[PDB]
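Asks: There's a structure below that I have some questions on.
Any read-out appearing in this document is the output of simple, stated calculations on the displayed coordinates, not a laboratory observation. Every residue, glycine among them, receives a Cβ derived from its backbone with ideal geometry; neighbour counts consider all protein chains shown.
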Amino acid sequence: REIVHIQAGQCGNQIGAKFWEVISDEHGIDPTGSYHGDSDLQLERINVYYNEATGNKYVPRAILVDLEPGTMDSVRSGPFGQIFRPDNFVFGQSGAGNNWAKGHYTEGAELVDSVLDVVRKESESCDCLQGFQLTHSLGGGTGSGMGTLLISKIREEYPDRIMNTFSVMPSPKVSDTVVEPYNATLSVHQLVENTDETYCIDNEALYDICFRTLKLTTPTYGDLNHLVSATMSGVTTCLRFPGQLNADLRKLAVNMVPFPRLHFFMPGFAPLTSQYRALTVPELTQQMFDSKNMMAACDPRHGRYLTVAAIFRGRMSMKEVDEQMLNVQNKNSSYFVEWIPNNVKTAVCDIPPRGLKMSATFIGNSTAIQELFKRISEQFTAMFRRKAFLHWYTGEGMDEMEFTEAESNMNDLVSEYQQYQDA
Amino acid sequence: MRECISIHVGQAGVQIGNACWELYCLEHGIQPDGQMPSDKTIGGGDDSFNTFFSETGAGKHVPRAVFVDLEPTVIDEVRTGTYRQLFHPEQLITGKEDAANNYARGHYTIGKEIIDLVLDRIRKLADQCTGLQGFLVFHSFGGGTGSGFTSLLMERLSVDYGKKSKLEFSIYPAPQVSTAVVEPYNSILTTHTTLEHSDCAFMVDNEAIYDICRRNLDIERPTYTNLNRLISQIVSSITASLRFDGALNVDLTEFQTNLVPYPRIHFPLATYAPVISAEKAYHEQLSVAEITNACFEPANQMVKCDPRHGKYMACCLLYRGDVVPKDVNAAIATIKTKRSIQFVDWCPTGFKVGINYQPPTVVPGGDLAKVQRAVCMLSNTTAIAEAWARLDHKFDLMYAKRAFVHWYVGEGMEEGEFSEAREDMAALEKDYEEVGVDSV
Ligand SMILES: Nc1nc2c(ncn2[C@@H]2O[C@H](COP(=O)(O)OP(=O)(O)OP(=O)(O)O)[C@@H](O)[C@H]2O)c(=O)[nH]1
Ligand SMILES: Nc1nc2c(ncn2[C@@H]2O[C@H](COP(=O)(O)OP(=O)(O)O)[C@@H](O)[C@H]2O)c(=O)[nH]1
Ligand SMILES: [Ca+2]
Ligand SMILES: [Ca+2]
Ligand SMILES: [Mg+2]
Ligand SMILES: [Mg+2]
């Protein structure tokens, strides 16, 4: 039933805050934690993400983590900043300097235990905890380094629970430091082993969407987070509202993950917005599957879909939905592996997101995701063959061997995807 | 937290320190008596400007700074100058005899007699910090105190504060304003001794600043006051990210990650624009594109060298004033399509951008025009090794004959320290060559 949310680092806290802003609006929860909705569908499964405090007030089951206070101070004074449980703010003061080693081994180790104390207090209040949900980036230090450290500690204490992450992948097109490939490669190895479901959110795709599709001349991190917020609300609809398909984290994993390491999902959203003409079910279906709507900069036609989950939101014709989902499957059947029959599952929700009467959310486990890990691997190797910028990491006690092993395992992940792309 | 302690060593370091802290007070609205009416938290606070200023219960904003010199006449001007009420007496430390332009006297004979007192006063400042970030050390290469005592201080700071970050602003010698024949010696000795104790060093070529004041500001014979006010603006741009905050602000430590690919390769080249007089600036507004283009004009560099003949390992743009990313991105696109910006093959080519919205300030009676927007570029280029080569060559000419070496031996040094230091410089020049070679 209950999900415990964790958001770590600048990116993780900025996207996590927006996530709670959006679903709070969908569930009728105001910034004060009071309900002011017009439907019971909003409250039927609210306990998945919200604890009910005294006075019938709803408090997100969210834990905010960072090694510097800056970004979390802004969240607390943000629009929905007052809804979060004050005790669930766990922050240090030194920062991680965009250094995976600082988040994972030194600065983060000094803070991790206090984070686990908060996780334990939330989990203990769960009638039947089902898993955890982490928002973070892989290019920084705290979300990447301390985030993966938290996952490892959480798995040790709750090894039979599902671990789900929204992981923002770095891109030179939207880069803060040159060491992002190092931090990302080190993190992917952790995620391959210690998560069940990872939504790959590529800042390269988010930028391209804002620039090409939405015609935003100079996208900001806020514009990128608009797309992330919409995607996160879409892929969690089945967890938050009554439904038959992928209604919990474990059933989602069973339907989406045919092999344990291949659990990195390509999300998509339609319609792409930054308009009063509502789409048609055929238009949602085409855009939902269009590469320009994917949040991971990978061409689906360069690979094959192992599994797909589709979520339609709004009042529409279920008959027409099934016809269109069967249409796209029967026309491009070569891009769906034939050794997993009926690998495309579709869910419908009556409540649409704010500002739209109809929307569609895509979740694909495609072998084309290897292009994303290939990109990171090339950027990693270009620096690592000259051992450039490594002193930032050896200074925190890391050895070069650990980098070689992280590189090797991600190249293995790439080859494992290619194995099933030719099956 | 994130406090930064500044240490000004020798005449050059002290006088540059005077210009910097004067400029800081004007940028933050601090009066010569330390009062800051805009600061509503009395006695303390966590504002951005508190990284450089502590606060007393009486409302005084005190620089987190120590001034040290082995003779008193320069710091005496601070004791009696306009900002004498700014510093507590114990922050201004002076001896009676200087190093006579002799690294050996600054590091050993004379320096050892005051080093313990200096460390004690630095400790007093560090104890006031709740999250000390590091030190900024201002000094010349050529002076006996700026070279010899700085090296001693840096060595001692590594002991007392571990790997806590230490940044340098180093004054590279120029014949137009040099005061000692042996400045090449002192430069090589201090560069070698400090190399392993410094995380990042910004060299300021006095000849580059001299030419800029002559060419851009039409100053016939620039004085130290002319040079130091320009240097202040560059230092201000570099530290602005620590003293102000903003949505588009980028912390100096984050630029550092990109600027230092290997510990020894930690000498960024700074380029500043616009340097223009009030007469030329009148009715002539300099856009983002124009000041950005100026950053790739070698005549505006802080160190004389030719980046067009080397390779880039990082390019950082620190804007301040009326600047938005749109105009920055457009300017950068134009520059790449028309300038020789060749990166090494193991580095990404993107430029890292920061924007501080607080506009630049000028001191009254200065030569610089007040502009609505400015920029300092920090690039890591193999070309900065030219500065080492010129200095190492002058070293070799004199040392081959052991000219003036007796002044150092007489104070306790050995020829082995000279050859050891020179070999370390040869390896440094070699390191800059290797990082520029393409990968196999
Ligand atoms: N830019 C700039 N350079 C200076 C200034 N003062 C001295 N220099 C340079 O510094 C070098 C001489 O070192 P100083 O700092 O004057 O000497 P010191 O550090 O006091 O060492 P001693 O006097 O020998 O004890 C020469 O190259 C000068 O040109 C200054 O105010 N501004
Ligand atoms: N989409 C998005 N990405 C971000 C944001 N902030 C930082 N990033 C990305 O995350 C990486 C930097 O990591 P960051 O979260 O800032 O460092 P951390 O605080 O140590 O985890 C870079 O690849 C950035 O492009 C944000 O608000 N939104
Ligand atoms: Ca600590
Ligand atoms: Ca104050
Ligand atoms: Mg950041
Ligand atoms: Mg002197």
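Asks: Please go through segment A:348-380 and pick out each residue that is more than 14 Å from chain B (Cβ to nearest Cβ) and acidic (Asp, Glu).
Replies: If the condition is that a residue be more than 14 Å from chain B (Cβ to nearest Cβ) and acidic (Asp, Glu), then A:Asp350, A:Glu371 are the ones that fit.
Asks: Still on this structure: What strands (runs of 3 or more DSSP E), lying completely within segment B:1-83, carry at least 1 residues that are away from ligand 4 (no atom under 16 Å from the Cβ) and farther than 22 Å from B:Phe141 by Cβ?
Replies: B:4-9
Asks: Checking A:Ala96 against (1) within 15 Å of ligand 3 (Cβ to nearest atom); (2) within 24 Å of A:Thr195 (Cβ to Cβ); (3) surrounded by fewer than 22 Cβ atoms within 10 Å (Cβ to Cβ): exactly one of these is not met. Which one?
Replies: In the conditions (1) within 15 Å of ligand 3 (Cβ to nearest atom); (2) within 24 Å of A:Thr195 (Cβ to Cβ); (3) surrounded by fewer than 22 Cβ atoms within 10 Å (Cβ to Cβ), A:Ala96 misses (3) alone.
Asks: Moving to a separate point now. When segment A:101-137 is examined, which residues are found to be of a type in the set (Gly, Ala, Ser) and within 16 Å of ligand 2 (Cβ to nearest atom)?
Replies: A:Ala101, A:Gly103, A:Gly108, A:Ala109, A:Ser137
Asks: Now for a different question. Hey, among the residues in segment B:309-333 that are charged (D, E, K, R) and within 16 Å of B:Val371 (Cα to Cα), which one's farthest from the other protein chains (Cβ to nearest Cβ)?
Replies: B:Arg320
Asks: Go through B:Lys401, B:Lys370, B:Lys430 for me and flag whichever is outside any helix (DSSP H, G or I), closer than 30 Å to B:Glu254 by Cβ and not polar (S, T, N, Q).
Replies: Exactly one of B:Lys401, B:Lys370, B:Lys430 is outside any helix (DSSP H, G or I), closer than 30 Å to B:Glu254 by Cβ and not polar (S, T, N, Q), namely B:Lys370.
Asks: Exactly one of (1) surrounded by fewer than 23 Cβ atoms within 10 Å (Cβ to Cβ); (2) closer than 23 Å to A:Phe336 by Cα is unmet by A:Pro242. Its number?
Replies: A:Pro242 satisfies every listed condition except (2).
Asks: Only residues that are touching a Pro at 6+ places or on another chain (Cβ under 8 Å) and among the aromatic types (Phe, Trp, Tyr): list them for segment A:338-363, please.
Replies: Within segment A:338-363, just A:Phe362 meets the criteria.
Asks: Can you find a residue in segment B:247-270 that is outside any loop (DSSP other than H, G, I, E, B), away from every other protein chain (no Cβ under 14 Å) and closer than 26 Å to A:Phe389 by Cβ?
Replies: Yes, segment B:247-270 contains a residue that is outside any loop (DSSP other than H, G, I, E, B), away from every other protein chain (no Cβ under 14 Å) and closer than 26 Å to A:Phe389 by Cβ.
Asks: Counting only residues that are under 26 Å from A:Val188 (Cα atoms) and either surrounded by 19 or more Cβ atoms within 10 Å (Cβ to Cβ) or not hydrophobic (A, V, I, L, M, F, W, C) (or both), how many does segment A:254-289 have?
Replies: 14
Asks: So, one more: Return the pairs, sorted by first residue and then second, in which the second residue is of a type in the set (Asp, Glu) and assigned to a strand (DSSP E or B), the first residue lies in segment B:158-186 and is closer than 19 Å to B:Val9 by Cα, the beta carbons are less than 7 Å apart, and the residues are 6+ apart or on different chains.
Replies: Pairs found: B:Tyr172/B:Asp205; B:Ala174/B:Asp205.
Asks: Tell me, which helices (runs of 4 or more DSSP H) wholly within segment A:140-227 include 1 or more residues that are within 14 Å of chain B (Cβ to nearest Cβ) and surrounded by 24 or more Cβ atoms within 10 Å (Cβ to Cβ)?
Replies: Of the helices (runs of 4 or more DSSP H) lying wholly inside segment A:140-227, those with at least 1 residues that are within 14 Å of chain B (Cβ to nearest Cβ) and surrounded by 24 or more Cβ atoms within 10 Å (Cβ to Cβ) span A:180-194, A:203-208.
Asks: Separate question: Go through segment A:381-404 and give me each residue that's within 15 Å of A:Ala184 (Cβ to Cβ) and more than 10 Å from chain B (Cβ to nearest Cβ).
Replies: A:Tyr393, A:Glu402, A:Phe403
Asks: Could you tell me how many of the residues in segment B:280-289 are over 17 Å from B:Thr361 (Cα atoms) and more than 25 Å from the chain's Cα centre (by Cα)?
Replies: Result for segment B:280-289: 5.
Asks: Shifting gears a bit: What are the residue pairs meeting all of these: first residue in segment B:72-90, first residue within 14 Å of chain A (Cβ to nearest Cβ), second residue within 16 Å of ligand 3 (Cβ to nearest atom), Cβ atoms under 6 Å, and 6 or more apart or on different chains?
Replies: Pairs that qualify, where the first residue is within 14 Å of chain A (Cβ to nearest Cβ) and the partner is within 16 Å of ligand 3 (Cβ to nearest atom): there are none.
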